[PDB]
């Protein structure tokens, strides 16, 4: 038994790892490369898709599912297991990827073909292929998120996928992994832990209080898959002490996802499940409004506050949020609140730099609006949490993250007495 990395090796995008054991060949995740590496999506998988017996999916994010349609595109026709949640979320996610995609590497034909082979698999359910036994573990990174426990040949392998940030309240706690012979783990935040959730929420409400009372606009760039609605959960549960203001979820995508949430109750925390039981939907705070078209979205640019606005892209790589910033950043009474990680060398980091003005949609705009960075809202397990999850495991191979982060995590693991290595593309590791 051995696992072969085929993405997310000394990098963060591209998750896909071939499991070779018991004459069977299981594909663990199959995501697209993003950012600067985006062209690699056109390159070859590094293995014959046609020779895959089955593929498992940890969660619906593009960086872990994005290259599945390409897998079918080239022949593969086996089953693709995932949680109901991961399945339903994937449809929304992929149809959007198709639509919002400059240079395609797969077609609509490849999409339904892929969606068509998806087969449900829930936490604690065991799959069997030859002597190989597979099952999903609770990851708490998204609804339906999970880590893979592969067991066979007298060995045991644990694949982490993306471990969530246990401190938040929407998803349930990640599960400790079973003691394994080998753990293929992520390290997005191998260098540092996040600011505590609790105090992050507090600082969050603080910002809203001040901004909303002076009739300002609270701008919140956000991803449409889970971050957008988690922010709406906070609003929903602290909305009793917040000044009245319309809440605009300026992202059709984010809405579709929201609509789907009620159908996913089981996948959330006991707290979130308790609300749904009282007949209420904690993802819909008062005055919530989902903006469908550009016309209304642009009117919000020139609409006096107070108002809370949410829009993507979450990395500010484009989207309606730019238009909101282009017209809301020069008023000191408004507040920009980053709730997601901002890549370096981007407008995000650039804005946090705090120059006198910034370029947006071809126009240097004075930066007076106050800026904030609430990292406590990260959906990834921080370094302290990483060390916890990984505790006790004899051997660990690192994926997902930048060399440095992974090395930082590595060093700590090593000094702890654990064996470790950063995965390499192609170079398999013995389970």
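Positions refer to the first chain, counted from 1.
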Tell me which stretch has the larger mean Cα B-factor in this entry, 252 to 260 or 76 to 84. 76 to 84
So, looking at the entry's B-factor column for Cα atoms, which has the higher mean, 283 to 291 or 121 to 129? 121 to 129
What's the residue among 210, 155, 141, 266 with the greatest CA temperature factor in the PDB record? 155
Going by the CA temperature factor in the entry, name the top one among 226, 113, 186, 203. 113
Sorting by Cα B-factor within the chain, modelled residues only, which third would residue 64 end up in: lowest, middle or highest? lowest
Determine, from the deposited record, the chain-internal third of the Cα B-factor for residue 394: lowest, middle or highest. middle
For residue 370, does the deposited CA B-factor place it in the lowest, middle or highest third of the chain? lowest
Sorting the chain's modelled residues by C-alpha B-factor, tell me whether residue 20 ends up in the lowest, middle or highest third. highest
If you rank the chain by CA B-factor, which third does residue 236 end up in: lowest, middle or highest? lowest
